[PDB]
Every structure is written in structure tokens, then in C-alpha cells.
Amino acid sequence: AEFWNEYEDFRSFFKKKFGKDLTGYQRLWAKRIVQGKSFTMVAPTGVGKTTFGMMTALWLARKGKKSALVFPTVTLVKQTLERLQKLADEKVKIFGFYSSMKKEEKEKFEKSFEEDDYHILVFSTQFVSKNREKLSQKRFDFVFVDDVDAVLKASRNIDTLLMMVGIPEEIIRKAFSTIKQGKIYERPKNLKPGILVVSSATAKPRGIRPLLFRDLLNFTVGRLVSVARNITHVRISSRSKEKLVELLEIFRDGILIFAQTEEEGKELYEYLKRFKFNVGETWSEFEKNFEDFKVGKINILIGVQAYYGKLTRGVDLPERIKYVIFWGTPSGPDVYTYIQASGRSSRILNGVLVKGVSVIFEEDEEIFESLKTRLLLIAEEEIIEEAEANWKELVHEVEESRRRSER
């Protein structure tokens, strides 16, 4: 989904209303908000964290969207309310609450809170403790939390925040139950929760509960984990069709072969058909050939390495795609196309990140070395030499991971 026009709209609104341009960090944070992403603000104090959350709430309000700004102190509630009411347009409904407030002001908050007649609410972590039940019955497009420790003091707190962004209690329970088993929970794609932004991160994150954020909102408030898939990358220091035939003989089924050009692809297709292999091509009849591969009629599928490729990116079958073979490295080397194509062999099938095997046939030492360093930098993955690969053990890991996915 395209986001650049929404980002410039946010960027312009910020400059006009705040008076100054978004900072380096705020630009990064804006690009996330505009895409509906949740995140932890990783930056020091005085670089515009509160200002950013305040301006986000205001921008969302123009579209009729709802926000909750949560602070650890009463003075932060008071100051944010004051700044908001001076910055606000005629249309926007802003209400705040703290215990030292006048009975008059408290009653205006309580009325509109109950009637759902607000755009922006500003309250403390103390208000959250006293009103968990009423708050968990509400959906906000944006929840900004200044206090991180308050989020994690009580496990009940994490749940309240998750419910405030439109995640039903039943899904939190199902997610938690799966995580506890040692599995990865796959959130429902049609759910569209709101944005949760936490102001800082815990140096000491504690328990299984903060993992609900990873699986439900695609972010962590703890340490930032490696982006490595469960793939073993193996390099063959040649283009031997004989070596290829011997890998096909043990891999047998669920194989994708990516050639550099359509010309080389056809050559390879010709040779494999000659050796009576059950091979299909993707250049001429993609839809028919892919369906045949999917249902198990075709064992090997040959295609062309391309950045927004039908076979390189589009295809989503970890149960069926097990082995990816590159006939030469994607021209460049193009690590981005390499990561996408090899990624076909490894993704989540029933809470388990299944095993993939990516084999590169590359004779050019220079081209291979450039691919190896780029893959280490971008994907935190290494490529191992043919002699280091135990093919029988790899086939076993491919098969065993797909049984554990079935469980």
C-alpha cells in the first residue's frame, strides 16, 4: 500500500501547526504512523517525543480518528491539554482528566467518554489502573504511552493497551496460549488494530507477556531480535548440470529453480525434460503451471529472477516450496531479489518457522563474495560451502519442520 502522499500530508500539517519541520527521528516515526504501524520510540529526551504524539493525535482527528495520550504525571496531562486546546481547530473534541480537576471539568470528560463524543483523550497511568474495564470496551486509532514501566508493571496492563487498540480479549487469550507453547501466533489479517506507541524501552524486559506485542502489533518493547529466516544457504562453485541432477535426485519435490535470463531458463528446462524430470516453466503459462506445482502434479518449477517477480515474491507456499536453486547469482549481485526468492522456502506454517534450503550455483569468486557480504549485512545470514553441507540432514530438517508445523 502506497503511503508517500499521506506522509507529505502529515509532514505539511506538522510544519504548519508546530511551526518547525519534523526532525530526523520524527520523519522516521511519521513514516510508521502513516502506514498504521506500532512502535517503540528509540531516541533520548528533548528530541520531540511528546510533541510528535500530540501532533499525530491532532492529524488523526482531522480524519475523525480517536486518540488516547497516557502520561505518568498530572503536570504532563495538564501541559499536553493546554498545548492541544491552543493548537486545535474548531471541529476537534479534546477532553482531559486528573484527580485534582474541578467537578465541572471532570463531568465534561465523563459525559463524552461514555457518549463516545471525543477525538482526543488525555489522562494518566493512574486513570488506566482505575478504569481498565471501561477502557478495554473502547477502540482508539492511536494510543500513545509516555510511561513504559507502567505498561509492564502489571500483565493486566499489556492486555488493556491491546484492547484499547481494538484487539478483542479472545484473540489476546488465543495469542498468549500459543506463545506459551513456544509457538508463533499469526494475527488475523482482517483485524486492523490501531497504532500503539510506547515512548521508551525496557533495558530489562521481563516475561512471555511482552511477546503479545510482537505477534499482535509487529513490534517489541524489549531487545531488537535478528531478522534471520530459517534458511541454510549453500554455494556450489560451478554450473554443473550433473551436480544439479544429483541434488534434484535427493530433494525430489517442492523445488524452485531461478535462472538469470529467460534464454538460460529455457536451456535448463530443455535439459531437465530430457532427463525425464517432472519440470514446469513460469515464463509461458504461470497460472496453470503454478497451480499444478501447488497440487503436487509438478515437482520442479523453473522461473526468471526479477525484483517484483511472480515466482520471486508473489508465491506464498512454505508447505510446498522447500528448495530454492539459483542458476547463477541474481545479477548485481541483487541481494534484495535473493532474499525475496530464498524467502519462498521459509515462512510460518501453523506457528513454526519452517526450514528452507537455498542453493546457489556460482563459479565467479568475486560475484559470490559480494553476495555473501551483502546477505550478512541485510539478512544476518551466512552462505556455507558445498563441503560443509550435509544434504541428508538438510532434507531431514526440511521434512521435520513441516511435521512440527502440522502439529
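Residue positions are given as counts along the sequence shown, with the first one as 1.
What stretch has the higher average Cα B-factor here, 194-202 or 135-143? Per the deposited B-factors, the answer is 194-202.
Mean C-alpha temperature factor, higher of 352-360 and 45-53: Comparing 352-360 with 45-53, the higher average CA B-factor belongs to 45-53.
Take the CA temperature factors straight from the PDB entry and tell me which of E110, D253, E287, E249 peaks. Top of the list by C-alpha B-factor: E287.
Highest-ranked of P210, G96, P168, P188 once sorted by CA temperature factor in the record: Answer for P210, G96, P168, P188: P210, with the highest C-alpha B-factor.
Would you mind ranking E399 by its C-alpha B-factor against the rest of the chain and naming the third, lowest, middle or highest? According to the entry, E399 has a C-alpha B-factor in the chain's lowest third.
Classify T73 as lowest, middle or highest third according to the C-alpha B-factor given in the PDB entry, relative to its own chain. Tercile = lowest for this residue's CA B-factor.
Would you mind ranking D9 by its C-alpha B-factor against the rest of the chain and naming the third, lowest, middle or highest? It belongs to the lowest third of the chain when residues are ordered by C-alpha B-factor.
Sorting by Cα B-factor within the chain, modelled residues only, which third would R235 end up in: lowest, middle or highest? Middle third by C-alpha B-factor.
Where does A88 sit by CA temperature factor within its chain: lowest, middle or highest third? Tercile = middle for this residue's CA B-factor.
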